[PDB]
Amino acid sequence: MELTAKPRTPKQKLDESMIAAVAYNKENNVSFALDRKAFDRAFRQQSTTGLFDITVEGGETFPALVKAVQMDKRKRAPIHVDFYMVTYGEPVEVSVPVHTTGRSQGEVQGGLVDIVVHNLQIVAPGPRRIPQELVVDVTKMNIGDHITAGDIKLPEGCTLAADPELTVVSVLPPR
Amino acid sequence: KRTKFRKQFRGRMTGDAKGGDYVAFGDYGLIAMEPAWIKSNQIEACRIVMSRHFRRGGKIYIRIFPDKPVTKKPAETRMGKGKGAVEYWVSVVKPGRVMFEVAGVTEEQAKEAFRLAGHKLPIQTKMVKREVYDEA
Amino acid sequence: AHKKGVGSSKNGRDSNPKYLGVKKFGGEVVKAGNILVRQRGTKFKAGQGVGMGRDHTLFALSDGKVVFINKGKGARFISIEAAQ
Amino acid sequence: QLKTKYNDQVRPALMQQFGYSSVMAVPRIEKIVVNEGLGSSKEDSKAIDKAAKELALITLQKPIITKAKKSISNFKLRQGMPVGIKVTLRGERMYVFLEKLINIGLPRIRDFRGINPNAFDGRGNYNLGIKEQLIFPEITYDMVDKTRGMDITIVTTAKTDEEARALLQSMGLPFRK
Amino acid sequence: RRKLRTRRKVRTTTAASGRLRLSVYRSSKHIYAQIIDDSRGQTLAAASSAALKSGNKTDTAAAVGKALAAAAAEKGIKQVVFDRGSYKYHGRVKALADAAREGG
RNA sequence: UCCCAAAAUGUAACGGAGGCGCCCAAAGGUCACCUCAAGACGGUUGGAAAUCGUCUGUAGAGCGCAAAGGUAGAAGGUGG
RNA sequence: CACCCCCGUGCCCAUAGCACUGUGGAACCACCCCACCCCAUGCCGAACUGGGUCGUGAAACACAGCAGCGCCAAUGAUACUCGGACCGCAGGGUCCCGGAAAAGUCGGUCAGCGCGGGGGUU
């Protein structure tokens, strides 16, 4: 990701395959403008829990993180991104998705398991070491098993921001 | 389908989608790419279709309910005022919007539940999967 | 007679001529008498030098210049920082 | 006629059970009330009287007809209509009648046994939903009309119900163990 | 509670007056018979009873009124206005009043 | 009186909604004073709401009628 | 404005508000005390009110910490639009040119500014 230009003007990119973001923290809110394709193949992987090499034209590598992104309607194509310059000890908080594995003891029973809340957010992530994922139990879950925040194993340190008793995944019944 | 109680009438105007997310309530989804008035009955014509195709699961979401009453010609004349509050109920749907999005069933096993449904809609759509992470 | 309701229900005939708004704008040299605002409730609270008719109207007690003070909405005022 | 032991038994025994940084903190009694929510089922521009006159003679005060909330619910309801009655007691009259209870009221009660515990107004305030007025040192069936009842309010400066119960019974109060 | 003061205070027009307002904090036995000038939040005279009292606190009633009215003299104020507070124009406070309502 | 009416006013239609042909010795003038709806916990006929009580409680109430604007430092609620 | 704190009263009037926590007492304040009558609660001197300690600081208040909730709130891109010029049978839409949100985010704060009176720097 070698974003280079960064002017209020985007003509020289609005046609030429390039997105256009902004990365900051509170110190520097450098103007920006990276390439479409790159961040296009990029963000896909790391998602909002994936800091990357930000050597803007001239050479000034910066560590940040995909904060929010605004893509086009009609066209599932993205248009504007906001990068949040990585910190050191604390960033803010991060948006972390819930995942299953192992067959569920509900699935074959006759019902299905529903991940009520896809991605989940947790208080204090801890920069440098931020879960770029989160795998969760489901097996135990039978006909009406609800798992919540207070349940999902944590990655040692991380503190769950969302309310505990909130249902994360529930193996729904048939029909 | 039809709402429970309200005022009785309306109007008409348009411009691209506003509060039609993307991912949520499932993994796969369907998207309306064109201005139209989705007829409540044109939804059953969709739900009931997707249903068949899914012996079970239910994991079908219709986040487009019809908040609108259109009217009709009480035969012809023209000497009288507003008419036919009960012609039918509509659900104005703008581009990018999401009427459908299943969940759980295999890709193709979903790339059909829509295909079909599509066939009863007045507009041109397309199916979608993820990377949708604005507000939560 | 018959056995129904007098006139036909659910109509739509007629309404009202209706007015209101603002008569004097910020910067205008009000005068003795002139009216500054015809409002319904208390959209604009009579500030300094500004009388208020029975109908939440606003008139000029003295002469001077019209001025506008709006504190975070909710309460507004017209004062007269006279020229003299 | 009391207040001494009031402190004495209450206050002292309270730091002498508890430990308050002051005597102003310790729980106390703000006032004792009596609502006479008669009428409604009985619309008697006559019965109302049986209330006040009587109530009056027991609480030594002239109560206020806590008229209708202007509520005209499905049933027999309406605007402001003389429905209930309030006779609030504080300090003297509070204590004066209060005592009557810890002494004759409940003590002099047929089929009496004490009073349920259970924390009421978490507010440290206690509630007392008296019934048959037949147990009063002032109630006289042999010089009245018919026969009714009533509810009394315990207003206490107690912050906690824990503390209340203490004061409560200390001052005097029968509990059904 | 504060309503009372705001209700009194507010009804007491300000500049349209041009006059002045005399307060009082006789809620406590530390009245302050303060006098103020509409526009600028400036306090002109004011004659409390803080400079001792001789043991009179709910009594120096007139002391402060009499102290006050005479007070503005070394300033010269003919038209003032009573801006009491909760103090429903009773006695202890009607004091300062009458006392001042003539000490001037 | 609301919407249409296209953020000044004004603007039609056998366009969409709803009221008036009064009422008040006081529901006025003035001077005082109080302040709501509602839920929760606890309490007698009560037991759904409502009477009392205690917390929360910018008002989610009120304003004689239709609606809107307006309003608690009251135009809300009592008395002289 | 010598340093401070306390009371009253403004400007301002939620970035100045809440809550949770601590500080203060005999200068001030408050509770508290009694209250027959001045005057008073459609019952209650609870509140208004009159005459005053001790005791307290518990409550009310004032200060102070804190931000978990409120309130404030970027930048970037955007919605939309004056003007200019185009497309689609129609629903609707685009380009150039200024204007440009709202929401969200970065972050911001638990004010600041006066007048006067009291008490202190044993």
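If the elastic network links every pair of Cα atoms under 10 Å, which of B:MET50, B:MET13, B:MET79 fluctuates the most in the Gaussian network model of chain B? Sorting by GNM fluctuation, first place goes to B:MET79. The residue list D:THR156, D:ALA68, D:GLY124 was ranked by how far each Cα lies along the charge dipole of chain D toward its positive end, using unit charges on Cβ atoms, and D:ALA68 comes out on top.
A full extension of the chain between D:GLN169 and D:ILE115 corresponds to an added length of 18.4 nm, given 0.36 nm per residue minus the alpha carbon distance. About its Cα centre, the stretch B:18-136 has a charge dipole of approximately 580 debye under the convention of +1 per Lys or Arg Cβ and -1 per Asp or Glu Cβ, with nothing else charged. Highest average first, the peptides A:129-135, C:11-17 ordered by how many other beta carbon atoms sit within 10 Å of their residues are A:129-135, C:11-17.
In chain D, the DSSP-assigned H stretches of four residues or longer account for a calculated mean residue ellipticity at 222 nm of -6500 deg cm²/dmol, using -39500 (n - 2.57) per stretch and the full residue count as denominator. Scanning residues 5 or more positions from B:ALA36 or on other chains, those with amide H under 5 Å from its amide H are B:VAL93, with H placed 1.01 Å from N in the peptide plane.
Computed from label points 7 Å out along Cα-Cβ, the spacing between D:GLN9 and B:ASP21 is 6.5 nm. Per-residue mean of foreign Cβ neighbours for E:10-22 is 1 (Cβ atoms of other chains, 10 Å radius).
What the Cβ-Cβ distance of B:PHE65 and C:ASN11 gives, at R0 = 41 Å and to the nearest 0.05, is a FRET efficiency of 0.80. Remark: mean inter-chain Cβ contacts per residue of A:68-77 equal 5, using a 10 Å Cβ-Cβ cutoff to other protein chain atoms. Highest mean packing comes first when the peptides A:57-70, C:18-31 are listed by Cβ atoms within 10 Å, giving A:57-70, C:18-31.
Projecting the Cα atoms of A:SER95, A:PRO7, A:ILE152 onto the charge dipole of chain A, computed from C-beta unit charges around the Cα centre, puts A:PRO7 farthest toward the positive end.
The charge dipole of the stretch B:1-81, taken about its Cα centre with unit charges on the Cβ of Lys, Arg, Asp and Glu (plus for the first two, minus for the last two), comes to roughly 580 debye. Comparing Cα centroids, the stretch B:94-115 and the stretch A:49-116 end up 23 angstrom apart. Along the charge dipole of chain A, which of A:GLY59, A:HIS118, A:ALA161 sits closest to the positive end, that is, farthest toward it, with unit charges on the beta carbon of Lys, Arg, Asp and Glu (+1, +1, -1, -1)? Of the candidates, A:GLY59 comes out farthest on the positive side. Listed from fewest to most Cβ neighbours within 10 Å, the set B:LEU30, D:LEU134 follows the order D:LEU134, B:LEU30. Amide H contacts of D:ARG148 (H built 1.01 Å from N, in plane; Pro and chain starts excluded): D:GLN133 sit under 5 Å, all sequence-distant by 5 or more or on other chains.
Restricting to Cα pairs below 8 Å that are 6+ residues apart, what does the relative contact order work out to for the stretch A:1-86? Please round to a whole percent. For the stretch A:1-86, the relative contact order is 31 percent. Once you treat every alpha carbon in chain A as an equal point and sum by Debye, what is log10 I(q)/I(0) at q = 0.09, 0.18, 0.19 Å⁻¹? Values, matching the q order: -0.42, -1.08, -1.14.
Quick check: the angle from helix A:36-46's long axis to the longest principal axis of chain A, C-alpha only, nearest 10 degrees? That helix lies at roughly 30 degrees to the long axis. Each residue, E:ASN56 and D:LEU77, gets one label point 7 Å from its Cα in the Cβ direction; the gap between the two is 6.0 nm. Counting charges near A:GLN46 (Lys, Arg +1; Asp, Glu -1) among other residues having Cβ under 13 Å from its Cβ returns a value of -1.
Ordered by the number of other Cβ atoms lying within 10 Å of each residue's own Cβ, fewest first, A:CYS158, B:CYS46 fall into the sequence A:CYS158, B:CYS46.
Each part gets one Cα centre, and for the stretch C:15-84 versus the stretch D:1-58 those centres are 57 Å apart. Whole-Hz Karplus values for the stretch E:48-61 come out as 5, 4, 6, 6, 6, 7, 6, x, 8, 10, 10, 10, 4, 2 Hz, taken residue by residue from phi with 6.51 cos²θ - 1.76 cosθ + 1.60 and θ = phi - 60°; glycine and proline positions read x. Computed over the stretch A:1-86, the P(r) tail beyond 20 angstrom holds 26 percent of alpha carbon pairs.
Mean separation of Cα pairs under 8 Å and 6 or more residues apart, divided by the residue count, gives chain D a relative contact order of 29 percent.
Please work out whether the protein assembly as shown counts as rounded, prolate or oblate from its C-alpha gyration tensor, where a ≥ b ≥ c are the square roots of the eigenvalues and a/c under 1.5 means rounded, while otherwise a/b larger than b/c means prolate and anything else oblate?
Prolate is the answer for the protein assembly as shown, as a/c is 1.5 or above and a/b outweighs b/c.
Give me a single rounded figure for A:108-120: the average over its residues of other chain Cβ atoms within 10 Å of their Cβ. It would help to have the intermediate numbers written out before the result.
Working: counts 0, 0, 1, 2, 7, 1, 7, 4, 1, 2, 9, 4, 1.
Average per residue, whole number: 3.
Is the shape of the stretch C:30-84 rounded, prolate or oblate, going by the alpha carbon gyration tensor and its root eigenvalues a ≥ b ≥ c, with a/c under 1.5 for rounded and a/b larger than b/c for prolate? Cα axes put the stretch C:30-84 in the oblate bin. Shape summary: the stretch B:26-84 maps onto an equivalent ellipsoid whose semi-axes, from the alpha-carbon gyration tensor, are 34, 13, 9 Å in decreasing order.
If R0 is 45 Å, the Cβ-Cβ spacing of A:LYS11 and E:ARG2 corresponds to a FRET efficiency of close to 0.15.
Residues whose amide H lies under 5 Å from that of E:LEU20, counting only those 5 or more places away or on a different chain, are E:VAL80, E:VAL81; hydrogens are built 1.01 Å from N in the peptide plane.
Relative to the longest principal axis of the Cα atoms of chain D, the long axis of helix D:161-171 lies at roughly 90 degrees.
In chain C, Cα pairs under 8 Å separated by at least six residues give a relative contact order of 26 percent.
Each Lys and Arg Cβ is given +1 and each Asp and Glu Cβ -1; about its Cα centre, the protein assembly as shown then shows a dipole of about 4220 debye.
Hull volume per residue, based on the alpha-carbon atoms of chain D and their convex hull, is 136 Å³.
What does the extension gain come out to for B:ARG12 and B:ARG47, with contour length at 0.36 nm per residue minus their alpha carbon separation?
Numbers: separation 35, 0.36 × 35 = 12.60 nm, distance 2.59 nm.
Full extension of this stretch gives 10.0 nm more.
Read-outs throughout are calculated quantities, based only on the coordinates presented, and are distinct from any laboratory measurement. No Cβ is skipped: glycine too gets one built from the backbone with ideal geometry, and neighbour counts run over all protein chains shown.
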